[PDB]
$ cat target-v7.cif   # mmCIF, C-alpha atoms
data_data
loop_
_atom_site.group_PDB
_atom_site.id
_atom_site.type_symbol
_atom_site.label_atom_id
_atom_site.label_comp_id
_atom_site.auth_asym_id
_atom_site.auth_seq_id
_atom_site.Cartn_x
_atom_site.Cartn_y
_atom_site.Cartn_z
ATOM 1 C CA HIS A 2155 105.030 -185.818 -128.327
ATOM 2 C CA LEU A 2156 104.141 -183.020 -130.744
ATOM 3 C CA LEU A 2157 103.474 -185.522 -133.526
ATOM 4 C CA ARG A 2158 101.706 -187.942 -131.192
ATOM 5 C CA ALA A 2159 99.389 -185.180 -129.977
ATOM 6 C CA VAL A 2160 98.621 -184.028 -133.523
ATOM 7 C CA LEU A 2161 97.953 -187.611 -134.593
ATOM 8 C CA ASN A 2162 95.575 -188.012 -131.650
ATOM 9 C CA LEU A 2163 93.378 -185.398 -133.329
ATOM 10 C CA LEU A 2164 92.777 -188.094 -135.945
ATOM 11 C CA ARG A 2165 90.864 -190.215 -133.415
ATOM 12 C CA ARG A 2166 87.675 -188.161 -133.209
ATOM 13 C CA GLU A 2167 88.531 -184.490 -133.681
ATOM 14 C CA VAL A 2168 89.545 -184.718 -137.344
ATOM 15 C CA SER A 2169 86.299 -186.370 -138.426
ATOM 16 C CA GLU A 2170 84.353 -183.306 -137.315
ATOM 17 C CA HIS A 2171 86.095 -180.415 -139.041
ATOM 18 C CA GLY A 2172 85.880 -180.446 -142.792
ATOM 19 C CA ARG A 2173 86.389 -177.050 -144.474
ATOM 20 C CA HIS A 2174 89.456 -176.977 -142.234
ATOM 21 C CA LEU A 2175 91.688 -179.935 -143.123
ATOM 22 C CA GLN A 2176 94.142 -178.128 -145.413
ATOM 23 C CA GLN A 2177 96.287 -176.818 -142.565
ATOM 24 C CA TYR A 2178 96.146 -180.044 -140.549
ATOM 25 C CA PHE A 2179 97.913 -182.138 -143.184
ATOM 26 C CA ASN A 2180 100.009 -179.213 -144.425
ATOM 27 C CA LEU A 2181 101.718 -179.566 -141.051
ATOM 28 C CA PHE A 2182 102.871 -182.987 -142.225
ATOM 29 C CA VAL A 2183 103.780 -181.794 -145.722
ATOM 30 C CA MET A 2184 106.028 -179.136 -144.205
ATOM 31 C CA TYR A 2185 107.438 -181.503 -141.583
ATOM 32 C CA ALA A 2186 108.305 -184.156 -144.170
ATOM 33 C CA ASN A 2187 110.173 -181.670 -146.376
ATOM 34 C CA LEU A 2188 112.602 -180.997 -143.519
ATOM 35 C CA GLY A 2189 114.922 -183.961 -143.968
ATOM 36 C CA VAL A 2190 115.693 -187.626 -143.531
ATOM 37 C CA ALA A 2191 115.357 -187.778 -139.743
ATOM 38 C CA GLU A 2192 111.970 -186.077 -140.021
ATOM 39 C CA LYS A 2193 110.798 -188.411 -142.790
ATOM 40 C CA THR A 2194 112.181 -191.357 -140.826
ATOM 41 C CA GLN A 2195 110.264 -190.216 -137.746
ATOM 42 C CA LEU A 2196 107.008 -189.943 -139.692
ATOM 43 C CA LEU A 2197 107.458 -193.428 -141.155
ATOM 44 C CA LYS A 2198 108.167 -194.991 -137.756
ATOM 45 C CA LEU A 2199 104.835 -193.557 -136.595
ATOM 46 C CA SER A 2200 103.202 -195.438 -139.498
ATOM 47 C CA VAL A 2201 101.818 -192.101 -140.669
ATOM 48 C CA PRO A 2202 101.240 -193.138 -144.323
ATOM 49 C CA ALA A 2203 99.332 -196.277 -143.318
ATOM 50 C CA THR A 2204 96.975 -194.324 -141.059
ATOM 51 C CA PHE A 2205 96.786 -191.521 -143.622
ATOM 52 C CA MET A 2206 96.087 -194.010 -146.417
ATOM 53 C CA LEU A 2207 93.323 -195.573 -144.322
ATOM 54 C CA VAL A 2208 91.717 -192.169 -143.832
ATOM 55 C CA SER A 2209 89.986 -190.981 -147.031
ATOM 56 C CA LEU A 2210 88.988 -194.661 -147.333
ATOM 57 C CA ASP A 2211 87.319 -194.359 -143.932
ATOM 58 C CA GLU A 2212 88.303 -197.432 -141.876
ATOM 59 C CA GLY A 2213 90.513 -195.026 -139.946
ATOM 60 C CA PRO A 2214 91.309 -194.734 -136.252
ATOM 61 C CA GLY A 2215 87.879 -193.168 -135.758
ATOM 62 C CA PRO A 2216 84.653 -192.017 -137.393
ATOM 63 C CA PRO A 2217 84.363 -191.115 -141.073
ATOM 64 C CA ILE A 2218 84.729 -187.456 -141.961
ATOM 65 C CA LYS A 2219 81.253 -185.950 -141.807
ATOM 66 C CA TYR A 2220 81.875 -183.195 -144.364
ATOM 67 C CA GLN A 2221 81.782 -185.135 -147.621
ATOM 68 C CA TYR A 2222 83.309 -182.282 -149.643
ATOM 69 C CA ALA A 2223 86.635 -182.554 -147.815
ATOM 70 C CA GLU A 2224 89.744 -181.364 -149.658
ATOM 71 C CA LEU A 2225 92.269 -184.055 -148.721
ATOM 72 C CA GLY A 2226 94.835 -183.014 -151.321
ATOM 73 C CA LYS A 2227 97.470 -182.505 -148.644
ATOM 74 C CA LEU A 2228 96.729 -185.950 -147.208
ATOM 75 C CA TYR A 2229 97.783 -187.585 -150.467
ATOM 76 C CA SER A 2230 100.835 -185.335 -150.798
ATOM 77 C CA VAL A 2231 102.101 -186.598 -147.437
ATOM 78 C CA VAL A 2232 101.549 -190.203 -148.499
ATOM 79 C CA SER A 2233 103.107 -189.486 -151.894
ATOM 80 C CA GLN A 2234 106.244 -188.016 -150.331
ATOM 81 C CA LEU A 2235 106.628 -190.559 -147.534
ATOM 82 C CA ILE A 2236 106.136 -193.612 -149.749
ATOM 83 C CA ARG A 2237 108.601 -192.353 -152.359
ATOM 84 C CA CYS A 2238 111.189 -192.460 -149.562
ATOM 85 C CA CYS A 2239 110.828 -196.244 -149.340
ATOM 86 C CA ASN A 2240 112.015 -199.349 -151.162
ATOM 87 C CA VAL A 2241 109.687 -201.359 -153.400
ATOM 88 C CA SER A 2242 112.458 -203.642 -154.699
ATOM 89 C CA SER A 2243 110.498 -206.760 -153.735
ATOM 90 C CA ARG A 2244 107.586 -205.888 -156.038
ATOM 91 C CA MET A 2245 109.271 -205.496 -159.405
ATOM 92 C CA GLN A 2246 109.550 -207.855 -162.378
ATOM 93 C CA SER A 2247 111.595 -207.122 -165.487
ATOM 94 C CA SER A 2248 109.178 -208.604 -168.106
ATOM 95 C CA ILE A 2249 112.105 -210.670 -169.457
ATOM 96 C CA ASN A 2250 112.530 -213.994 -167.677
ATOM 97 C CA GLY A 2251 115.855 -214.079 -165.820
ATOM 98 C CA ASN A 2252 116.499 -210.351 -166.148
ATOM 99 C CA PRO A 2253 116.792 -208.427 -162.871
ATOM 100 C CA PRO A 2254 114.431 -205.455 -162.534
ATOM 101 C CA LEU A 2255 115.802 -202.067 -163.496
ATOM 102 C CA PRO A 2256 116.676 -199.473 -160.838
ATOM 103 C CA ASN A 2257 113.863 -197.123 -159.878
ATOM 104 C CA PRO A 2258 114.547 -193.514 -160.979
ATOM 105 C CA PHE A 2259 111.329 -192.152 -159.461
ATOM 106 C CA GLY A 2260 112.256 -192.513 -155.815
ATOM 107 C CA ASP A 2261 112.816 -189.418 -153.755
ATOM 108 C CA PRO A 2262 115.629 -187.245 -155.149
ATOM 109 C CA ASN A 2263 118.160 -185.602 -152.788
ATOM 110 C CA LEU A 2264 117.980 -188.890 -150.857
ATOM 111 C CA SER A 2265 120.918 -191.247 -151.281
ATOM 112 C CA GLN A 2266 119.323 -194.570 -150.345
ATOM 113 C CA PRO A 2267 115.809 -195.705 -149.380
ATOM 114 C CA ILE A 2268 114.833 -195.118 -145.767
ATOM 115 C CA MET A 2269 113.370 -198.601 -145.290
ATOM 116 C CA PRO A 2270 111.718 -201.429 -147.218
ATOM 117 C CA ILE A 2271 108.082 -200.540 -147.779
ATOM 118 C CA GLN A 2272 105.997 -201.416 -144.744
ATOM 119 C CA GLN A 2273 103.667 -204.400 -144.898
ATOM 120 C CA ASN A 2274 100.564 -202.536 -143.718
ATOM 121 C CA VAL A 2275 101.210 -199.931 -146.426
ATOM 122 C CA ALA A 2276 101.847 -202.468 -149.192
ATOM 123 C CA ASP A 2277 98.489 -204.040 -148.337
ATOM 124 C CA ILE A 2278 96.680 -200.795 -149.155
ATOM 125 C CA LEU A 2279 98.659 -199.905 -152.292
ATOM 126 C CA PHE A 2280 99.349 -203.175 -154.101
ATOM 127 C CA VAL A 2281 97.334 -205.961 -152.450
ATOM 128 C CA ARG A 2282 94.207 -203.792 -152.427
ATOM 129 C CA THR A 2283 93.130 -201.326 -155.103
ATOM 130 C CA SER A 2284 90.882 -198.946 -153.156
ATOM 131 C CA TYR A 2285 93.463 -196.237 -152.452
ATOM 132 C CA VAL A 2286 94.791 -196.084 -156.018
ATOM 133 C CA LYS A 2287 91.269 -195.413 -157.273
ATOM 134 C CA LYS A 2288 90.855 -192.707 -154.634
ATOM 135 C CA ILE A 2289 93.915 -190.659 -155.576
ATOM 136 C CA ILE A 2290 93.304 -191.150 -159.304
ATOM 137 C CA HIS B 2155 38.808 -218.476 -155.143
ATOM 138 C CA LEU B 2156 37.418 -215.267 -156.649
ATOM 139 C CA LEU B 2157 40.856 -213.698 -157.033
ATOM 140 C CA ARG B 2158 42.254 -216.950 -158.413
ATOM 141 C CA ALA B 2159 39.545 -217.046 -161.085
ATOM 142 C CA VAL B 2160 40.052 -213.362 -161.905
ATOM 143 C CA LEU B 2161 43.796 -213.980 -162.104
ATOM 144 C CA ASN B 2162 43.260 -216.961 -164.416
ATOM 145 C CA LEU B 2163 42.226 -214.470 -167.112
ATOM 146 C CA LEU B 2164 45.833 -213.298 -167.479
ATOM 147 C CA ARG B 2165 46.714 -216.621 -169.109
ATOM 148 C CA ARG B 2166 44.911 -216.083 -172.416
ATOM 149 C CA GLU B 2167 41.912 -213.767 -172.245
ATOM 150 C CA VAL B 2168 43.622 -210.590 -171.030
ATOM 151 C CA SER B 2169 46.017 -210.827 -173.970
ATOM 152 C CA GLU B 2170 43.113 -211.413 -176.379
ATOM 153 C CA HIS B 2171 40.953 -208.603 -174.995
ATOM 154 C CA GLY B 2172 42.900 -205.396 -174.784
ATOM 155 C CA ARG B 2173 40.868 -202.177 -175.139
ATOM 156 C CA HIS B 2174 38.757 -203.567 -172.273
ATOM 157 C CA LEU B 2175 41.072 -203.418 -169.287
ATOM 158 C CA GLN B 2176 40.402 -200.396 -167.038
ATOM 159 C CA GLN B 2177 37.527 -202.228 -165.354
ATOM 160 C CA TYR B 2178 39.516 -205.457 -165.084
ATOM 161 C CA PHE B 2179 42.157 -203.745 -162.941
ATOM 162 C CA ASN B 2180 39.785 -201.722 -160.774
ATOM 163 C CA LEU B 2181 38.875 -205.184 -159.528
ATOM 164 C CA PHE B 2182 42.276 -204.936 -157.819
ATOM 165 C CA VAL B 2183 42.526 -201.154 -157.365
ATOM 166 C CA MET B 2184 39.305 -201.093 -155.337
ATOM 167 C CA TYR B 2185 40.099 -204.399 -153.616
ATOM 168 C CA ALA B 2186 43.265 -202.780 -152.232
ATOM 169 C CA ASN B 2187 41.582 -199.524 -151.171
ATOM 170 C CA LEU B 2188 39.674 -201.580 -148.598
ATOM 171 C CA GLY B 2189 42.280 -202.183 -145.914
ATOM 172 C CA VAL B 2190 45.241 -204.254 -144.755
ATOM 173 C CA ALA B 2191 43.535 -207.641 -144.684
ATOM 174 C CA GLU B 2192 43.141 -207.455 -148.470
ATOM 175 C CA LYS B 2193 46.543 -206.022 -149.402
ATOM 176 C CA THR B 2194 48.062 -208.840 -147.357
ATOM 177 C CA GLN B 2195 46.054 -211.333 -149.414
ATOM 178 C CA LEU B 2196 47.002 -209.635 -152.682
ATOM 179 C CA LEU B 2197 50.687 -209.655 -151.755
ATOM 180 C CA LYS B 2198 50.586 -213.339 -150.802
ATOM 181 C CA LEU B 2199 49.122 -214.125 -154.239
ATOM 182 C CA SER B 2200 52.159 -212.523 -155.908
ATOM 183 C CA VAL B 2201 49.734 -210.061 -157.482
ATOM 184 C CA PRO B 2202 52.501 -207.435 -157.831
ATOM 185 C CA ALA B 2203 54.925 -210.080 -159.083
ATOM 186 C CA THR B 2204 52.554 -211.293 -161.813
ATOM 187 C CA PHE B 2205 51.468 -207.744 -162.703
ATOM 188 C CA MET B 2206 54.945 -206.356 -163.388
ATOM 189 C CA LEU B 2207 55.524 -209.297 -165.729
ATOM 190 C CA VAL B 2208 52.420 -208.189 -167.580
ATOM 191 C CA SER B 2209 53.035 -204.874 -169.384
ATOM 192 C CA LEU B 2210 56.456 -206.406 -169.899
ATOM 193 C CA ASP B 2211 54.832 -209.135 -172.023
ATOM 194 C CA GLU B 2212 56.733 -211.654 -169.879
ATOM 195 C CA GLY B 2213 53.631 -212.790 -168.020
ATOM 196 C CA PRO B 2214 51.919 -216.180 -167.856
ATOM 197 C CA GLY B 2215 50.528 -215.823 -171.379
ATOM 198 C CA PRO B 2216 50.728 -214.113 -174.754
ATOM 199 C CA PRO B 2217 51.432 -210.384 -175.003
ATOM 200 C CA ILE B 2218 48.570 -207.912 -175.147
ATOM 201 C CA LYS B 2219 47.634 -207.578 -178.812
ATOM 202 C CA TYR B 2220 46.146 -204.067 -178.697
ATOM 203 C CA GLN B 2221 48.334 -201.023 -179.310
ATOM 204 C CA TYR B 2222 46.773 -198.444 -176.980
ATOM 205 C CA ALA B 2223 46.041 -200.757 -174.083
ATOM 206 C CA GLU B 2224 45.234 -198.761 -170.945
ATOM 207 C CA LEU B 2225 47.384 -200.357 -168.252
ATOM 208 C CA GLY B 2226 47.359 -197.175 -166.149
ATOM 209 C CA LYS B 2227 45.606 -199.131 -163.400
ATOM 210 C CA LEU B 2228 47.895 -202.138 -163.634
ATOM 211 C CA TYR B 2229 50.609 -199.782 -162.364
ATOM 212 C CA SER B 2230 48.410 -198.232 -159.670
ATOM 213 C CA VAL B 2231 47.880 -201.694 -158.184
ATOM 214 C CA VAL B 2232 51.596 -202.515 -158.143
ATOM 215 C CA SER B 2233 52.324 -199.013 -156.823
ATOM 216 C CA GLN B 2234 49.949 -199.357 -153.879
ATOM 217 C CA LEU B 2235 50.895 -202.972 -153.192
ATOM 218 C CA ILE B 2236 54.670 -202.369 -153.196
ATOM 219 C CA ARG B 2237 54.316 -199.277 -151.028
ATOM 220 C CA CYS B 2238 53.289 -201.520 -148.136
ATOM 221 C CA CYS B 2239 56.447 -203.621 -148.046
ATOM 222 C CA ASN B 2240 59.825 -203.207 -146.340
ATOM 223 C CA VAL B 2241 62.708 -201.863 -148.426
ATOM 224 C CA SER B 2242 64.845 -201.583 -145.269
ATOM 225 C CA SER B 2243 67.462 -204.018 -146.567
ATOM 226 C CA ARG B 2244 68.035 -201.898 -149.672
ATOM 227 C CA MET B 2245 69.039 -198.346 -148.651
ATOM 228 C CA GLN B 2246 72.521 -196.824 -148.559
ATOM 229 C CA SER B 2247 73.209 -193.824 -146.368
ATOM 230 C CA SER B 2248 75.541 -191.862 -148.700
ATOM 231 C CA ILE B 2249 77.323 -190.101 -145.836
ATOM 232 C CA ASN B 2250 79.286 -193.100 -144.624
ATOM 233 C CA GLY B 2251 78.744 -194.327 -141.079
ATOM 234 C CA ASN B 2252 75.300 -192.784 -140.769
ATOM 235 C CA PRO B 2253 72.290 -195.125 -140.671
ATOM 236 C CA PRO B 2254 69.740 -195.027 -143.501
ATOM 237 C CA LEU B 2255 67.033 -192.436 -142.876
ATOM 238 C CA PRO B 2256 63.522 -193.745 -142.147
ATOM 239 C CA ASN B 2257 61.219 -193.918 -145.136
ATOM 240 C CA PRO B 2258 58.732 -191.014 -145.066
ATOM 241 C CA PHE B 2259 57.281 -192.014 -148.419
ATOM 242 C CA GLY B 2260 55.692 -195.393 -147.627
ATOM 243 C CA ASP B 2261 52.017 -196.040 -147.025
ATOM 244 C CA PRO B 2262 50.031 -193.587 -144.910
ATOM 245 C CA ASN B 2263 46.940 -194.979 -143.147
ATOM 246 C CA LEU B 2264 49.169 -197.903 -142.170
ATOM 247 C CA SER B 2265 51.406 -198.366 -139.143
ATOM 248 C CA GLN B 2266 54.120 -200.853 -140.049
ATOM 249 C CA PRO B 2267 55.105 -202.544 -143.351
ATOM 250 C CA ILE B 2268 53.106 -205.696 -144.055
ATOM 251 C CA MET B 2269 56.121 -207.782 -145.073
ATOM 252 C CA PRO B 2270 59.696 -207.410 -146.325
ATOM 253 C CA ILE B 2271 59.696 -206.629 -150.036
ATOM 254 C CA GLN B 2272 59.531 -210.041 -151.648
ATOM 255 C CA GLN B 2273 62.184 -211.493 -153.929
ATOM 256 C CA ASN B 2274 60.619 -211.775 -157.385
ATOM 257 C CA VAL B 2275 59.247 -208.251 -157.010
ATOM 258 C CA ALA B 2276 62.699 -206.952 -156.064
ATOM 259 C CA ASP B 2277 64.254 -208.685 -159.086
ATOM 260 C CA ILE B 2278 61.883 -206.861 -161.460
ATOM 261 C CA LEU B 2279 61.936 -203.476 -159.750
ATOM 262 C CA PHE B 2280 65.468 -203.172 -158.356
ATOM 263 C CA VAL B 2281 67.773 -205.796 -159.880
ATOM 264 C CA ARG B 2282 66.328 -205.421 -163.370
ATOM 265 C CA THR B 2283 65.197 -202.179 -164.979
ATOM 266 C CA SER B 2284 62.502 -203.109 -167.525
ATOM 267 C CA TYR B 2285 59.567 -202.118 -165.322
ATOM 268 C CA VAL B 2286 61.056 -198.753 -164.381
ATOM 269 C CA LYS B 2287 61.387 -197.980 -168.082
ATOM 270 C CA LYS B 2288 57.758 -198.942 -168.656
ATOM 271 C CA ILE B 2289 56.082 -196.884 -165.933
ATOM 272 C CA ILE B 2290 58.238 -193.819 -166.589
#
$ encode --input "target-v7.cif" --output "structure tokens"
Amino acid sequence: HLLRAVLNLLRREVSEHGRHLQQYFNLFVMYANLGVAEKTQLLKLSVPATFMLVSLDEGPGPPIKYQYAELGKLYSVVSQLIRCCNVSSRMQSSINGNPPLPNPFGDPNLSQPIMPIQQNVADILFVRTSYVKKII
Amino acid sequence: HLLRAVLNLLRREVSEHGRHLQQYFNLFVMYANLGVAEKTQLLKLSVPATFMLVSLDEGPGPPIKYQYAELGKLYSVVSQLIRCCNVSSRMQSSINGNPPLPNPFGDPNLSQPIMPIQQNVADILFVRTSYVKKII
């Protein structure tokens, strides 16, 4: 309920309050850093997909009116939540027949990936190229 | 007929007879300062479209052979004639989601745009950038 209510602010309330978005997403940065059950809970809410959509507009509601919005904590949530996922489907080893190497850049202090990367998230990262340009 | 005969001079004679041009373009500067019934006629003759090609030496005839040709009134015809058209289909609102602001810089002494900005004019003014170099 606490996460659902905070995510409901993303409908209309968030796209009114630039100058003030650092602490909104920092709530998710802090909550993710808690542990696996917390990161699992955020993923099951499809938080990265909605968060990835925002800052590309197209979100659950209106675009953010303040154009000078500091969304640095929005990316940090997406960066942390995605790194706790499996991208094993989308790797090729550049040598025909060779299996792809293991990924060392997943989340440390996490034994095994939480879940295979979600389809709606893979569409924004790999299928499309808008988000990668945004964070870069 | 009169405008057609005056426009037939662009084929060869205008190129041959630089240094005598201010009074050849006041034929159109003063013919536009009349009203809306004339500017509509001028626009339907592609007067702006054939006048941007001139001074780009891409017109219906040879380039103007005189160095210090005074085309300052060739631009003032295109300026007045274009600022009667509709650029509605060519504005972006910057702040996403918002609609484009209304144009406060069109033609005074005139209620509504005569016509949507026509194609060949848009391809010389917007799509290309030779004319904008020339007038600046």
$ residues_around --input "target-v7.cif" --residues "segment 2193-2207 of chain B" --least-positions-apart "4" --cutoff "8 Å" --atoms "all atoms listed in the file" --output "ChimeraX atom specification"
/B:2185-2186,2189,2211-2214,2228-2229,2231-2232,2235-2236,2268,2274-2275,2278,2285
$ interface_residues --input "target-v7.cif" --of "chain B" --to "chain A" --cutoff "8 Å" --atoms "all atoms listed in the file" --output "VMD selection string"
chain B and resid 2249 to 2251
$ resolve_selection --input "target-v7.cif" --expression "the PyMOL selection byres ((chain A and resi 2269) around 9)" --output "number ranges by chain"
A: 2194, 2197, 2238-2240, 2266-2268, 2270-2272
$ write_last_selection --input "target-v7.cif" --atoms "C-alpha atoms" --output "short mmCIF file (atom, residue, chain, number, x, y, z; two decimals), in the frame of the given file"
data_model
loop_
_atom_site.label_atom_id
_atom_site.label_comp_id
_atom_site.auth_asym_id
_atom_site.auth_seq_id
_atom_site.Cartn_x
_atom_site.Cartn_y
_atom_site.Cartn_z
CA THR A 2194 112.18 -191.36 -140.83
CA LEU A 2197 107.46 -193.43 -141.16
CA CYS A 2238 111.19 -192.46 -149.56
CA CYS A 2239 110.83 -196.24 -149.34
CA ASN A 2240 112.02 -199.35 -151.16
CA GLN A 2266 119.32 -194.57 -150.34
CA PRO A 2267 115.81 -195.70 -149.38
CA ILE A 2268 114.83 -195.12 -145.77
CA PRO A 2270 111.72 -201.43 -147.22
CA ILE A 2271 108.08 -200.54 -147.78
CA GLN A 2272 106.00 -201.42 -144.74
#
$ residues_around --input "target-v7.cif" --residues "residue 2177 of chain B" --least-positions-apart "4" --cutoff "12 Å" --atoms "only C-alpha atoms" --output "list in words"
residues 2160, 2168, 2172, 2173, 2181, 2182, 2183, 2184, 2224, 2225, 2226, 2227 and 2228 of chain B
$ atom_distance --input "target-v7.cif" --atom1 "atom CA of residue 2190 of chain B" --atom2 "atom CA of residue 2260 of chain B"
14.0 Å
$ atom_distance --input "target-v7.cif" --atom1 "atom CA of residue 2159 of chain B" --atom2 "atom CA of residue 2187 of chain B"
20.2 Å
$ atom_distance --input "target-v7.cif" --atom1 "atom CA of residue 2276 of chain B" --atom2 "atom CA of residue 2244 of chain B"
9.7 Å
$ axis_aligned_box --input "target-v7.cif" --around "segment 2227-2236 of chain A" --padding-each-side "8 Å" --output "JSON"
{"center_x": 101.7, "center_y": -188.1, "center_z": -149.6, "size_x": 25.9, "size_y": 27.1, "size_z": 20.7}
$ residues_around --input "target-v7.cif" --residues "residue 2255 of chain A" --least-positions-apart "5" --cutoff "10 Å" --atoms "all atoms listed in the file" --output "PDB file with C-alpha atoms, keeping the file's coordinate frame"
ATOM      1  CA  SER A2242     112.458-203.642-154.699  1.00  0.00           C
ATOM      2  CA  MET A2245     109.271-205.496-159.405  1.00  0.00           C
ATOM      3  CA  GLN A2246     109.550-207.855-162.378  1.00  0.00           C
ATOM      4  CA  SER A2247     111.595-207.122-165.487  1.00  0.00           C
TER       5      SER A2247
END
$ build_atoms --input "target-v7.cif" --residues "segment 2252-2267 of chain B" --atoms "N, CA, C and O atoms" --output "short mmCIF file (atom, residue, chain, number, x, y, z; two decimals), in the coordinates of the input"
data_model
loop_
_atom_site.label_atom_id
_atom_site.label_comp_id
_atom_site.auth_asym_id
_atom_site.auth_seq_id
_atom_site.Cartn_x
_atom_site.Cartn_y
_atom_site.Cartn_z
N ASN B 2252 76.65 -193.10 -141.19
CA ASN B 2252 75.30 -192.78 -140.77
C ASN B 2252 74.37 -193.95 -141.07
O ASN B 2252 74.64 -194.74 -141.99
N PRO B 2253 73.28 -194.12 -140.32
CA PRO B 2253 72.29 -195.12 -140.67
C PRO B 2253 71.36 -194.60 -141.75
O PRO B 2253 71.19 -193.38 -141.89
N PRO B 2254 70.74 -195.48 -142.53
CA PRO B 2254 69.74 -195.03 -143.50
C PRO B 2254 68.60 -194.28 -142.83
O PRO B 2254 68.12 -194.69 -141.77
N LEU B 2255 68.14 -193.19 -143.44
CA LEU B 2255 67.03 -192.44 -142.88
C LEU B 2255 65.76 -193.27 -142.94
O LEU B 2255 65.63 -194.14 -143.81
N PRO B 2256 64.81 -193.05 -142.04
CA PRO B 2256 63.52 -193.74 -142.15
C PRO B 2256 62.76 -193.29 -143.38
O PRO B 2256 62.90 -192.16 -143.85
N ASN B 2257 61.95 -194.20 -143.91
CA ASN B 2257 61.22 -193.92 -145.14
C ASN B 2257 59.99 -193.07 -144.85
O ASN B 2257 59.05 -193.57 -144.20
N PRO B 2258 59.93 -191.83 -145.30
CA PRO B 2258 58.73 -191.01 -145.07
C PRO B 2258 57.77 -191.07 -146.24
O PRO B 2258 56.80 -190.32 -146.29
N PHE B 2259 58.05 -191.96 -147.18
CA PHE B 2259 57.28 -192.01 -148.42
C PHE B 2259 56.56 -193.34 -148.60
O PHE B 2259 56.15 -193.65 -149.73
N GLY B 2260 56.41 -194.13 -147.55
CA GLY B 2260 55.69 -195.39 -147.63
C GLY B 2260 54.19 -195.18 -147.67
O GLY B 2260 53.69 -194.23 -148.26
N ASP B 2261 53.47 -196.10 -147.03
CA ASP B 2261 52.02 -196.04 -147.02
C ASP B 2261 51.52 -195.25 -145.83
O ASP B 2261 51.80 -195.64 -144.69
N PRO B 2262 50.80 -194.16 -146.02
CA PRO B 2262 50.03 -193.59 -144.91
C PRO B 2262 48.85 -194.49 -144.59
O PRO B 2262 48.64 -195.48 -145.29
N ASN B 2263 48.09 -194.17 -143.54
CA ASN B 2263 46.94 -194.98 -143.15
C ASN B 2263 47.36 -196.41 -142.84
O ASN B 2263 46.58 -197.35 -142.99
N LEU B 2264 48.60 -196.58 -142.41
CA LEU B 2264 49.17 -197.90 -142.17
C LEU B 2264 50.38 -197.75 -141.26
O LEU B 2264 51.26 -196.94 -141.53
N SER B 2265 50.40 -198.54 -140.18
CA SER B 2265 51.41 -198.37 -139.14
C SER B 2265 52.76 -198.92 -139.55
O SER B 2265 53.73 -198.18 -139.67
N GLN B 2266 52.83 -200.23 -139.78
CA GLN B 2266 54.12 -200.85 -140.05
C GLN B 2266 54.04 -201.69 -141.32
O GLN B 2266 52.99 -202.25 -141.62
N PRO B 2267 55.13 -201.78 -142.10
CA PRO B 2267 55.10 -202.54 -143.35
C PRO B 2267 54.56 -203.95 -143.19
O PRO B 2267 54.85 -204.63 -142.20
#
